[PDB]
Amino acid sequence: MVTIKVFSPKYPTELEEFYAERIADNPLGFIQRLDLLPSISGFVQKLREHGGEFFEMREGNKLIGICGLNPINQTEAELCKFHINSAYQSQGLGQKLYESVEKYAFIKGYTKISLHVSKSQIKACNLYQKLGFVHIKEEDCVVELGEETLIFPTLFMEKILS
């Protein structure tokens, strides 16, 4: 039995452990040195302090999915931290999790959802196309992190809700 609600940790480091595993499972598309960035729990707090929200998906009490919503302005919000556990992918759960976040954004008053994603993330790019997102631009995003300089081929997308 699968449930979606606002995220609440079952134990203190649950989000950190789930996130690190999702990030390590996607080596081509994400910054891997999570120790050099603020914790995912601080990210959630930043979202909520600016009017955003962070959501969970659980099978029983087992976390299997996460998704964030970050406001840009009065009418535009950004999807972020969209992840489903490997064993539960490709069954329709991610689409259902997205549809919950979109409905929540629509009720809050957002009329546009934007996002960016690495081109290596094939499943996500197919889903966003299925959901009706439209490409804005492609770009090789340069990120300097510590003693490294990383290059991510990235897609930017928008969807109008109303």
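Quick note: we count residues from 1 along the sequence shown, nothing fancier.
Identify the stretch, either 36 to 44 or 132 to 140, whose C-alpha atoms have the larger mean B-factor according to the entry.
Stretch with the greater average CA B-factor: 132 to 140.
Hey, out of 107, 28, 113, 67, whose CA B-factor is highest in the deposited coordinates?
Top of the list by C-alpha B-factor: 28.
Which third, lowest, middle or highest, does the CA B-factor of residue 77 fall in along this chain?
Within its chain, residue 77 is a middle-third residue by C-alpha B-factor, going by the deposited values.
Which third of the chain does residue 51 land in by C-alpha B-factor: lowest, middle or highest?
For residue 51, the deposited C-alpha B-factor lands in the middle third.
Which third of the chain holds residue 19 when residues are ordered by C-alpha B factor: lowest, middle or highest?
Within its chain, residue 19 is a lowest-third residue by C-alpha B-factor, going by the deposited values.
Could you look up the Cα B-factor of residue 120 in the entry and say which third of the chain it sits in: lowest, middle or highest?
Highest third, going by the recorded CA B-factors of the chain.
Within this chain, which third does the Cα B-factor at residue 100 fall in: lowest, middle or highest?
Lowest third of the chain for residue 100's C-alpha B-factor.
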